[PDB]
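Accompanying notes for the structure given below.
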Amino acid sequence: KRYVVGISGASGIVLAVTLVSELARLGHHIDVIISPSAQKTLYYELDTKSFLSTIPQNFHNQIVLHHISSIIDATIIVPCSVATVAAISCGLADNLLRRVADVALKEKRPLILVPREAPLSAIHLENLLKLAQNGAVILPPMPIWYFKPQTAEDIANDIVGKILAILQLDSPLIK
Amino acid sequence: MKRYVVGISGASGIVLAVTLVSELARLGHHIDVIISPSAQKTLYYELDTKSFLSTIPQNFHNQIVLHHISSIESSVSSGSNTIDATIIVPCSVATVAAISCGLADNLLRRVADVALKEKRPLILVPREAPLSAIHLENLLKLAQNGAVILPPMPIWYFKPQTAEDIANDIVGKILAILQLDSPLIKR
Amino acid sequence: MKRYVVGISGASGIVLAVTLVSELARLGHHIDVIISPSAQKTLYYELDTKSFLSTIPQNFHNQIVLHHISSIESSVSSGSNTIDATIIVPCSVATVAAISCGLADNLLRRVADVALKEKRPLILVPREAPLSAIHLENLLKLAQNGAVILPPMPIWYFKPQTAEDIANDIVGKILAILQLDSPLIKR
Amino acid sequence: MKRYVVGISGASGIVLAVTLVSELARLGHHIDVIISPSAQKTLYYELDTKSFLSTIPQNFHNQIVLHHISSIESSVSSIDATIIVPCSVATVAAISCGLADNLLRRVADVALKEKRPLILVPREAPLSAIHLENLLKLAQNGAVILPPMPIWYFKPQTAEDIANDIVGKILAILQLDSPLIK
Amino acid sequence: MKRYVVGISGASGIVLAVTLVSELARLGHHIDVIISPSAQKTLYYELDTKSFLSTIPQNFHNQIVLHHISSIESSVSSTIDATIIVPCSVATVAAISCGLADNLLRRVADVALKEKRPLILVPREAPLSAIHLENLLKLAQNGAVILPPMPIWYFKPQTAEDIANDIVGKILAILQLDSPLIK
Amino acid sequence: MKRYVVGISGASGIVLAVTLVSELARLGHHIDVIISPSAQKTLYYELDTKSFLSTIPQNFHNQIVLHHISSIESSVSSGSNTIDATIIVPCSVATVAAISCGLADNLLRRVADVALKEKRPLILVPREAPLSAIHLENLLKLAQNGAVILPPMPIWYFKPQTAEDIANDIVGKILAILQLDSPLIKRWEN
Amino acid sequence: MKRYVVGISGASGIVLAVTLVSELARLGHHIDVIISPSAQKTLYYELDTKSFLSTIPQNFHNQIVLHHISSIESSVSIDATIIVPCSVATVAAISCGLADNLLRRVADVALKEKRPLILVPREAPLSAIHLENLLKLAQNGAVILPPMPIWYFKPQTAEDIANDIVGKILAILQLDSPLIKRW
Amino acid sequence: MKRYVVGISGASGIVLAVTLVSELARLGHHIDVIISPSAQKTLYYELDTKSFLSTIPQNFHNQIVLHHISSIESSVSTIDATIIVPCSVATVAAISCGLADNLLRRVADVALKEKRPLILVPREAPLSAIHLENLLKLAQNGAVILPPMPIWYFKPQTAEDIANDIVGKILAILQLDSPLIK
Amino acid sequence: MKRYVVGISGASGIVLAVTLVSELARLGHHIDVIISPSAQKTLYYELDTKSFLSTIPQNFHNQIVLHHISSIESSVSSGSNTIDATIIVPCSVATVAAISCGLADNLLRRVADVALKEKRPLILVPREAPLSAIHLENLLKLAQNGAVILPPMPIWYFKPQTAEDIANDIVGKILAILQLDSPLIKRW
Ligand SMILES: Cc1cc2nc3c(=O)[nH]c(=O)nc-3n(C[C@H](O)[C@H](O)[C@H](O)COP(=O)(O)O)c2cc1C
Ligand SMILES: Cc1cc2nc3c(=O)[nH]c(=O)nc-3n(C[C@H](O)[C@H](O)[C@H](O)COP(=O)(O)O)c2cc1C
Ligand SMILES: Cc1cc2nc3c(=O)[nH]c(=O)nc-3n(C[C@H](O)[C@H](O)[C@H](O)COP(=O)(O)O)c2cc1C
Ligand SMILES: Cc1cc2nc3c(=O)[nH]c(=O)nc-3n(C[C@H](O)[C@H](O)[C@H](O)COP(=O)(O)O)c2cc1C
Ligand SMILES: Cc1cc2nc3c(=O)[nH]c(=O)nc-3n(C[C@H](O)[C@H](O)[C@H](O)COP(=O)(O)O)c2cc1C
Ligand SMILES: Cc1cc2nc3c(=O)[nH]c(=O)nc-3n(C[C@H](O)[C@H](O)[C@H](O)COP(=O)(O)O)c2cc1C
Ligand SMILES: Cc1cc2nc3c(=O)[nH]c(=O)nc-3n(C[C@H](O)[C@H](O)[C@H](O)COP(=O)(O)O)c2cc1C
Ligand SMILES: Cc1cc2nc3c(=O)[nH]c(=O)nc-3n(C[C@H](O)[C@H](O)[C@H](O)COP(=O)(O)O)c2cc1C
Ligand SMILES: Cc1cc2nc3c(=O)[nH]c(=O)nc-3n(C[C@H](O)[C@H](O)[C@H](O)COP(=O)(O)O)c2cc1C
Ligand SMILES: CC(C)=CCOP(=O)(O)O
Ligand SMILES: CC(C)=CCOP(=O)(O)O
Ligand SMILES: CC(C)=CCOP(=O)(O)O
Ligand SMILES: CC(C)=CCOP(=O)(O)O
Ligand SMILES: CC(C)=CCOP(=O)(O)O
Ligand SMILES: CC(C)=CCOP(=O)(O)O
Ligand SMILES: CC(C)=CCOP(=O)(O)O
Ligand SMILES: CC(C)=CCOP(=O)(O)O
Ligand SMILES: CC(C)=CCOP(=O)(O)O
């Protein structure tokens, strides 16, 4: 299958690494788009400058990195900053990340957004609501807890487990 | 002494309420706690106890008063008693819905409606995923009415190692909202 | 002889329900009374009794039928049984909220919804202060749906002396909008 | 096999829920049933029984699970379709608000948040502006609004005919073939 | 002696109009009846007849005036005690909610709203889409009574006719008439 | 010393304004007072005087400035002069309508607009019954712009005996919103 | 005998209010009348008098009580309230709840007590601002009755057009009067 | 010769009305002027005069007609443009509501209903949500909303420079050629 | 010592930013300043320099920190800093639009978004005339979300003489809104 994973500048790029690596482990193809703002979040959070170093080498044939300034079963924006939520909710399809979101909305194909921000102001909630009403799946990264997590790693994997469930996949990360 | 009301609603993540009440008590404040019946069940399934007090040090119990969910006559049900902040943590979408409608027909819901009517701080920790359009509209209306919408989102730029680290950082953010200094707050 | 439904909701001023139901019987009418459990507490805290019937002169009791708040199977829960006017007094913001949402899941909320859908008179006596934007949106919506919104506003140009004068003159307005003539009415 | 959730709410017409659950059972599907206490009163006033199961052929009972209205901790609270039949306007209101504070209301909320089929069979007359606003909000969020209305161009003769054709319409929305569909 | 306007629109359930008009005449009132061409078809598919008046006993015909759907010049087009559109298609619901009073059936509904006289609509459609619920909402907010034909199972009907009879009884209760159809 | 503005508009219950300004002065504060022409009439019908100042102990007059309703050039008509709170009591639905529309065309309405635009406290004590949908919508709009909507609702759980009791306890709730410490404030217990 | 409140606001057509008042009194009813300052101006410009009562037969004057526009403490602060003619500024104030003179206040009391309020707004063109206020007032129960000539009554004179319009006010008041014509 | 209506509302900045009217007259146009009671007070506090005409060169008086604020009968109640300057938020409120109950509010209401140009120069700070809502409504009905913002890219040196270039912006909206415009 | 964020957007009136920042520094406060590329040009056209700091007395520079518009990783870019207030002066209409939409994709937009979500003071000084319906709606939306909308309206009742007088008195009103006691503030 073919999945578009866009990585927006919000905190939690470990969610994106985990999704892509597991997607790739399931024999699927992934098109990844990294915003410059997430390219930095990548170094501050996983002390590394290449997103591809975080992925098992054997999966690299199944992954295509795209430049956000260039002029399909589902699209996932993870993490998704509020600025990217705003752009998508406005129709402001003026980079590749925003535009692949817009295409998903325009064709009624699955669009999963993973917004990290807290608190959420009325401005951001109104954009999320608009996107929900237009068919986007709004999936904030909420720890599941009744799975008795122990590590930070447990929490991330169960959050990604929720993503894969929505993608109608099966994976040992779903609980 | 500041005086806080903590409402515990039956969403996943009751550990967040335990550490928030623990830290508020440690810092020396008074905490009125209301646990819903569904939260009572979340406590057993997540923390393996049926007594909320059993999760907080006994030396702090003098700073904590539990009110039954049906005691709408309790002192914290009236706006004539000054509370410095009200926190609903965790907060189910059902309780978000009730508070957004004004449906103050139990003490947990009433305490939130009192905070809004007196324009005192109300912090909601809604936990649910996905968030549907119905739930997002309730959250929006609550934010426009002055509630702080603080979903329990992990702060990964602090690089937690343990689950407890994530819980502590998230409670840190609540205490920052409360403008309390606490070592759970990171920067 | 007319038939009236009086819902007693748990806001302050249950004395208003008492004097309205008393005057309605004193003029010959039938009153179906629904007392919420919270209004029962208020009756105690404000009138020092646990029997609403014990507040009404005894020869009026045969004109009054108490209904349990869970009895949604009751005749007054159906729109085919003809009621002249329905009064929720006092009315909490919680019950205002419920009625404005359509949340007719107990007999008190149900009789108000039934009055709305049959376009029969529904008088709400909401008592709360201050009134938040949430409360005022619910009130607005109910007035647009034909409900008469009558907060218990003391009438100071009648120059009241006692707390009882203020109560009497407030019930005088309820009776006026019902279109009864009563010595409680002042002009 | 397929798995259905039938919430029975306290409006008139519980005969509809019986023949729905009975026919789904007959086709070999599993049904999770949730009865509100108001529905339990209506079961007695309209069908003169205090047992919902005394209604379904005894051989089907191993395909039916009854869940207490208060069990929001339960299995279905975390899948082929969810039917609330009949549906009171109070439960319409609760679902339209997202007020998922009992099990019947929560299974419906779960269906909406997961984009799974939700069929509501609201029964009330007149429908006021308050009820219509809640119904509109649910339609806009993808619930199928199916008031139980006699079909008549099938020329029914019995009351039972009228209920059967109404349930056939439900069965047709679930895209199951059934003799009840015309 | 009251005066009713009954508009019959092409939604399934024309037996309801027949029963309503019959009982109103049996109770001694006058009824102006307007039948749309689609209701004309439904009358044939559902009651096997081409004449509405043949469904009504002959001694009530003096109390019933048929108007053609194009007669926006009619007396009823300009005091009536109540106006009932039964059954009412969602297309006619839409027209009335828009104010599109461009035939006599739609016009008598608009007159009732404009004069703030009772207007009872008996819409029959299932499922009801958001577009149709919005029109229904708008009409309720403008004071139309929205009375879909919901069967009343707690009167324990045995036959189809019982179900139709009890639904017309609710219409009659909304009209504040005493009829034995009301339970 | 804090600085308050009390506008007195022509609804019933001007005893509330008398009681509030008297207590503000007792606590040691300063009050700029504005009486509408309709409130002046209401003073006469409810308290049987044509002088509001006659209702307050002379002890306190040095702490009170009466402003005429048309003096939109007054010091309290500007936002450069910091006011701690502004209270319209009682408040007619007509003045509610004015303030909710932004129709600041007299000093009492202006003083409320100034509080709203400077995000300083504005307490409205609207008295009217029934409240139509027109009045509710204006009150809603004002609540959403940050006005405290505090109708003069009697507090019966304080078991009042006289009319004076009911008014004092109502003024007590106003002083509680002002976050002042006053013996007029009472508090729920059990 | 019924009691009516007739507010005269400063829009064109003050003859309409003259005619309505004369006939209401000629039917044996009481009329409380409130004239705005601008209506007194238009009274002069349109009927060549500054005395409203100079236009009304003297035998009717004991059924008529004039009220000053600023008398907001008035006993009238029942049956029906007619603002005729109604200027768009008065429409604006009433729709806002700006009840700060006696004319505006009696209209607000009518709406709050859900008693008949009939507005006869005269202005043309009607902008979006005025139409929004009119919609709000109609949604809150007010009858919106612009003075639309009834040409199917084939009037001859200006007096005829005015009479027939007042006949429509009378019809809505549910009175019987030789001014009302039916079609 | 064109005909303008200038309403002078009681906000700060009456200097703008003075230099607008006297420049219109210098171009040889007709100006009907309406001064609210409040604007008479701010004329005094800002221009230490009690006479509006005393601020305009006496030569131009024959092209200016003063109308009393209460004179709602009046011809001005064919006009090329109507300018309320300065414009208080109270007057913005009245106009946005259609509250045309004095001549100043009324000439603005007439511009809007006839779709003739209406320029409002509102002056208040902060602008609350109540003020913004009225201004938005006015802009949706075609009013030009022109708050008196200094034009700093013209490097003003004195207060009069700032006032002059603000009036220049008004004259540019009126489509007039004037030295005030750059 | 309070901490202010002053964002400088490319509209006319950068002199307001200059005199706000130096008076806040003079009172002893700390100021993080963000200058957009467009405001840097306005600085030259209106103040005849491209060094913002050359318009500020050198004794105040230790209290000022200049952040680049593209550093969305900055410390002012988090709610973890308790900034006492954020001021966007002057504020272009494009910047008003971005903030009202939540389009927080540079540091100046982000700092305004943070103040909104933390419920800390955000003062906007929009300069545009005329204001279209589209711009009034954005303004309205921000005022409903708590932003103070403070256009630079000359205060003529203080009878200013010079152009500096008008700018000084306007900055006085900003400082009043900041609840600072400052000799630039005049009272009526
Ligand atoms: C370490 C770091 C963490 C961040 N976390 C968030 C976040 O959790 N939520 C958010 O809305 N923005 C966050 N941001 C800022 C966003 O990256 C910023 O709004 C950016 O413009 C988003 O643009 P983008 O969506 O194209 O990446 C963070 C920035 C950094 C440097
Ligand atoms: C003594 C007393 C007085 C109360 N007064 C009010 C009141 O004035 N307004 C209000 O909204 N709630 C008031 N409450 C709380 C309500 O009773 C509470 O919200 C309750 O759940 C309402 O439920 P009900 O409307 O079903 O009676 C009061 C409670 C008590 C014990
Ligand atoms: C015999 C009977 C029939 C009822 N029929 C209806 C109905 O048709 N529509 C409705 O809204 N309520 C009806 N009710 C009332 C509802 O049951 C009541 O509002 C209830 O609280 C709804 O709760 P539930 O939806 O959880 O079952 C009926 C009650 C009884 C006893
Ligand atoms: C273990 C467990 C976890 C739950 N987590 C959530 C949750 O995260 N969000 C939610 O909306 N409901 C959750 N629920 C269901 C709610 O408890 C249910 O909606 C309940 O009626 C909420 O009422 P309350 O908030 O007053 O406790 C959970 C239930 C259980 C048993
Ligand atoms: C036998 C029959 C039954 C129909 N039933 C319905 C119905 O129940 N609801 C509906 O919306 N349309 C129904 N229609 C279609 C309507 O006739 C169609 O919308 C028509 O144009 C309505 O016109 P009218 O309302 O002016 O009569 C039916 C058509 C036929 C032939
Ligand atoms: C004795 C008396 C009592 C009044 N009470 C009220 C009242 O309770 N509520 C109200 O809205 N108006 C009341 N009014 C009328 C208002 O004063 C009237 O609408 C007035 O124009 C409001 O003007 P103001 O708010 O500027 O004072 C009363 C008038 C009088 C004479
Ligand atoms: C010196 C002075 C300056 C004023 N400046 C303003 C102002 O800038 N903005 C404003 O809205 N009101 C201002 N006002 C007050 C208004 O004049 C007041 O709200 C008045 O009622 C408006 O009436 P008008 O707009 O019809 O003239 C000022 C008043 C004075 C005395
Ligand atoms: C002769 C004359 C005719 C008028 N006709 C109208 C009119 O038809 N419509 C209108 O809105 N105003 C008309 N006006 C002006 C209004 O009287 C004006 O807006 C006034 O402020 C409204 O005041 P009032 O409605 O409280 O009486 C007219 C004025 C005069 C002198
Ligand atoms: C010399 C000059 C002056 C400008 N003045 C304004 C102005 O006063 N108001 C405005 O909205 N835009 C003005 N602009 C245009 C905005 O700066 C432009 O929309 C910009 O891209 C917005 O980005 P920024 O506000 O973040 O700097 C001006 C541009 C230049 C070159
Ligand atoms: C428990 C109690 C007395 C509630 C009533 O107080 P409030 O004025 O509604 O805050
Ligand atoms: C007891 C009960 C559920 C009554 C319902 O009656 P109706 O819906 O008002 O016709
Ligand atoms: C009963 C239970 C586990 C509820 C929580 O599930 P969900 O995340 O709300 O779908
Ligand atoms: C058919 C006809 C004369 C319609 C006009 O009457 P009305 O004045 O619109 O009620
Ligand atoms: C009376 C007066 C100077 C009002 C204007 O002050 P501000 O615009 O509210 O600061
Ligand atoms: C002048 C007067 C008695 C006004 C009364 O208004 P309300 O209807 O008693 O609130
Ligand atoms: C003074 C006068 C002619 C007012 C009426 O003007 P218009 O017909 O409302 O434009
Ligand atoms: C620059 C950065 C770490 C932004 C994230 O902070 P926040 O928790 O979204 O306020
Ligand atoms: C490019 C430039 C000088 C823009 C200034 O014009 P405006 O005030 O933004 O309309």
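Throughout, a chain's letter reflects where its sequence line sits, starting with A, and its residues are numbered from 1. Keep in mind that the numbers below use all heavy atoms, side chains included, and drop hydrogens, waters and symmetry copies.
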Does E/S77 reach the main-chain N or O of E/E73 with its side chain, forming a donor-acceptor pair under 3.5 Å?
no
Option that, when pairs with chain E are counted at under 4.5 Å, heavy atom only, ranks first among D/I166, D/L135, D/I162
D/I162
Would you say the side chain of D/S36 lies within less than 4.5 Å of the side chain of D/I8, judging by non-hydrogen atoms?
no
Is it the case that D/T49 and D/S54 place a side-chain donor and acceptor less than 3.5 Å from each other?
yes
Max heavy-atom pairs within cutoff under 4.5 Å with chain D, candidates E/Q141, E/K170, E/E161, goes to E/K170
Residue part contacting chain D, namely of E/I14, when any heavy atom lies under 4.5 Å
neither
Only pairs of heavy atoms separated by less than 4.5 Å count here; which of E/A130, E/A160, E/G13 has the most with chain D?
E/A160
Measure distances from D/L47 to the heavy atoms of chain E and classify the residue's part below 4.5 Å as side chain, backbone, both or neither.
backbone
Pick one of side chain, backbone, both or neither for E/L128, based on which atoms fall under 4.5 Å of a heavy atom in chain D.
both
Proximal component of D/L16, with respect to chain E [non-hydrogen, under 4.5 Å]
side chain
Where on E/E46 is there a heavy atom nearer than 4.5 Å to chain D: the side chain, the backbone, both, or neither?
both
Chain E: which of D/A163, D/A11, D/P148, D/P156 shares the most heavy-atom pairs with it under 4.5 Å?
D/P148
Using non-hydrogen atoms only, which part of E/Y154 is less than 4.5 Å away from chain D: side chain, backbone, both, or neither?
both
Are E/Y4 and E/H30 an aromatic pair, judged by ring center distance below 6.0 Å?
no
Under 4.5 Å from any heavy atom of chain E - which part of D/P86
neither
So for D/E133, is it side chain, backbone, both, or neither that comes closer than 4.5 Å to the heavy atoms of chain E?
both
Measuring only between side-chain heavy atoms, which start at C-beta, is E/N59 closer than 4.5 Å to E/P57?
yes
Does E/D110 come within less than 4.0 Å of E/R106, counting only side-chain N to carboxylate O?
no
Below 4.5 Å, heavy atoms only, C-beta onward: do D/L146 and D/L120 meet side chain to side chain?
no
Any donor-acceptor pair under 3.5 Å linking the side chain of D/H29 with the backbone of D/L24?
no
